[PDB]
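There is one chain below, alone, in structure tokens, taken in the form deposited in one PDB entry.
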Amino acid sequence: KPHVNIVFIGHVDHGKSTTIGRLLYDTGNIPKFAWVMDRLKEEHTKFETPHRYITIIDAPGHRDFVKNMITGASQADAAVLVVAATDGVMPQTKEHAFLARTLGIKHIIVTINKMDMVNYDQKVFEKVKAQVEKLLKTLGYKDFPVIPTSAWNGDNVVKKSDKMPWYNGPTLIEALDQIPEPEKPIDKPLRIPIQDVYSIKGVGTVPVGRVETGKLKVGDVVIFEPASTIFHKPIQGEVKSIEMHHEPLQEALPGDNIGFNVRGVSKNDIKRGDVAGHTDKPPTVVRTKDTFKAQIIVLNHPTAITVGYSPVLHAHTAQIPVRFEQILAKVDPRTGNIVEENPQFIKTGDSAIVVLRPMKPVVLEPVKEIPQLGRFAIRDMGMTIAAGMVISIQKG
């Protein structure tokens, strides 16, 4: 049985806790329902399905929810978006779906909860379903289940409802049982951030780095960025050999720290913070004429962060000066929800959505595409100011 991590999102009071509660209650996984729900409120929990081991890895409402999601300390394979049939899709529903998209969560399960409060009505479910479909289509999601539920009464969480014969789809627990296995780093495009560059006599130019994603084989042609962008010509060549622990390899996989000899590349053309990829799928370069959106959590700062702040960005093996161009939103670190648009400043403990401009070219990837190159730290004044994740890149 494959292990799978899930997170429950959705607007406050739409029924995330109750749904989790009901799941645990009906599968006999508790560590009257009303009593029990009280006890749970006061105090990771796993449960087992026929085909899956399921961990609820994190949840909106605790101190480090946004931090854990941003740093990748908490990582979900699927998100269950809870939407109340009474309220429908609210702004905070849209925000949370955007967050799931940003994190590269590919599988979404929607529950339309509190069906009992709208008399289990089909017309109501369909109206809300249509709102849910419009939002998730906007974000690129397709073929996700939309499940009418009453977390309080039990309908369609674990047991099939006798109150909604018009619904033919799966229950929540049946939808969780069908969460596809996580995509593997080996199947993402090759990326090798360069740690150091050596010249070995009789051999030539030998970069050293850890394969983060994809697979490097002897004979592959690799291209280096931002070296290629900086020098206005492709810095690339054939991989003649691979070594680890002073022994030959024919291929290198995610996690392998390797030396690789590249034909036709000069030692001076590549350095620390360059990244190797296939010419087919070259590492993305954010130039100084470009910008990028990021979600950050402010870990420490002596005063407050404002537009124009210019610290150092650290990602993979690179470091560059970066400028804060805009702060688009202040984000509650507990919920992941927006509490202010266009705030003037950000302080320790705040999360924010920011537009950053690299002051030197840098390889960055949106976390939704390649997370190993989409997470970064901000450093300044001898400390770690912020942890961040790349949302998107805007070319100039």
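Under this definition, the rigid core comprises the largest set of C-alpha atoms superposing within 1.5 Å between the forms. One-based numbering along the sequence shown.
Deposited sequence between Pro31 and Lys32: 10 or more residues lack coordinates. Coordinates are lacking for 10 or more deposited residues between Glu43 and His44.
Looking at 225-233 and 190-198 together, the entry lists the larger mean B-factor for 225-233, computed on C-alpha atoms. Between the stretches 136-144 and 293-301, it is 136-144 that shows the larger average CA temperature factor. Listed residues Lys159, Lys129, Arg210, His316 were ranked by CA B-factor as deposited; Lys159 comes out on top.
For the set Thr171, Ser150, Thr111, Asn268, the PDB entry puts the maximum C-alpha B factor at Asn268. Ranked within its chain, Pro358 lands in the lowest third, by CA B factor from the PDB record. Annotation for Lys215: CA B-factor lies in the middle third of the chain's modelled residues.
For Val12, the recorded CA B-factor ranks within the middle third of the chain. Only modelled residues enter the ranking.
Residue-level temperature factors show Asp155 in the middle third of its chain, judged at the C-alpha atom. Sort the modelled residues of the chain by CA B factor and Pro343 lands in the middle third.
As for the form deposited in another entry, it is not shown, yet the points below apply to it.
Core-based superposition between this form and the one not shown shows that, of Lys289, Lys159, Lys233, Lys267, only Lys159 has its Cα displaced by 2 Å or more.
Compared with the form shown here, the C-alpha atoms of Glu340 and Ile105 sit at least 3 Å farther apart in that other deposited form.
A decrease of at least 3 Å in the separation of the C-alpha atoms of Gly388 and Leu99 is found in that other deposited form, compared with the displayed form.
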